[PDB]
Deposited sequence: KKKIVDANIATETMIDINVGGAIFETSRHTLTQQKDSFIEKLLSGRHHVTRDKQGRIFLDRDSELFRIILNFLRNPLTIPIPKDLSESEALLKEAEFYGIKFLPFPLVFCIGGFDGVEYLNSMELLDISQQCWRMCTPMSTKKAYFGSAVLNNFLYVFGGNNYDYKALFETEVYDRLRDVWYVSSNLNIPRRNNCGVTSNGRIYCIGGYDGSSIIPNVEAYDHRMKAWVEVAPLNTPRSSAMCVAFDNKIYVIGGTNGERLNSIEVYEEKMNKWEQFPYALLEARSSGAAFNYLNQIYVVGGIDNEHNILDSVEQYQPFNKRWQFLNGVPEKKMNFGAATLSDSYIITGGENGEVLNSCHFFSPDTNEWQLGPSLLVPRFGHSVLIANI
């Protein structure tokens, strides 16, 4: 059957099938407001709707925005309508160090082909940088290479236009800083400014289009792990001369860091932390006896203590990692040797499934997930 819709004065003729192929989207859900001639009416931008409708008419073909603004405009619009351009996540592996060279190369996990393919490189070669996703653009910031002990540059990846661009500079150049997204902002936490280990924390606001400094950590930390959920930011472990087992909590709403009452069982840096439901996880890294770890710690809010789980199949530090909808993926790292190995963790079993291997073995790199 065939629906007419009025979007911002423009009329679009389509079928019920086309507009509701995506369950629970806003357009599918839509007494509604109608125009004089009876048609469903949306006071939204017609041209953006047009592009989205052509996408829905053939979902094998992804829109190509004409510039940065329409690209940002389109993703925002699609989010309002509840539309996804791809029914699977895009898993990216960025930068790092290969053993002798710093890298600007990027790898994308090809679900169809069940392997990693080389993808679009960023402009600056670097390892050990903060990274995060904001409105499904990829952000990388800080880091170091052969020309600089610490960097202030921020690069941003626009997938739909397939291009990297240069964004705002960090106030304090640093490496081994932690990046996390919390409530519409990117936070840049701790690290090493080139001469000392710092407590400083910066926030990126996209309306401001700028990095601004916010409340610092109570303890300087480099190579800490961070994770954000439930309007809080957790910074875990890291090193200031000794590896730490302490944890600081940022109440986003109060711009205040408090000490977290429950330390790690194993003090560590250069690992990774993540979140599933109410629970926090910590994986890999290196301890204060300089041992590279495979151990995993889960924090159970019910019991208010950290407990170990089964470890990762192989020990590693300075890997790239990120959570997906079902899983947690881990890529590369170092452990005596430079690694290309990848594993998925399921909170359904707390076990680790082997994944496809990176084309270029690397550490000090990042993993980011785009859900466009």
Tell me, which runs of residues in the deposited sequence have no coordinates at all? 1-12, 43-47
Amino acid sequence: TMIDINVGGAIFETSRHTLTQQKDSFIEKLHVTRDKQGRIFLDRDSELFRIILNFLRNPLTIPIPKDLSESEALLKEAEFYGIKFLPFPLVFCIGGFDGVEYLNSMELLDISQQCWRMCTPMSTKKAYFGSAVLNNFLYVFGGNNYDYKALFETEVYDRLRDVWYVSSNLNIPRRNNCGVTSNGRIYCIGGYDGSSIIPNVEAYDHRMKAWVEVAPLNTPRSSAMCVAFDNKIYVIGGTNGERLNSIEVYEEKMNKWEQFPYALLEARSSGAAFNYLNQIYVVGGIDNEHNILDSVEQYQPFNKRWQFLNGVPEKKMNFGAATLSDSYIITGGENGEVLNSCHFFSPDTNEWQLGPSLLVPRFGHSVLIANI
From here on, numbers count along this sequence of modelled residues.
Can you tell me whether 292-300 has a higher mean C-alpha B factor than 158-166 in this record, or the other way round? 292-300
Comparing 130-138 with 252-260, the higher average Cα temperature factor in the PDB entry belongs to 252-260
Name the one of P63, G311, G336, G332 with the greatest CA B-factor according to the PDB entry. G311
Highest CA temperature factor in the entry: which of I198, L277, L86, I236? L277
Modelled-residue ranking by C-alpha temperature factor, third containing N183: middle
In terms of the chain's CA B-factor thirds, is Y146 lowest, middle or highest? highest
Compared with the other modelled residues in the chain, in which third is the CA B-factor of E153? lowest
Where the record places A370 (Cα B-factor, split into thirds across the chain): lowest
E28 - which third its CA temperature factor falls in, relative to the rest of the chain: highest
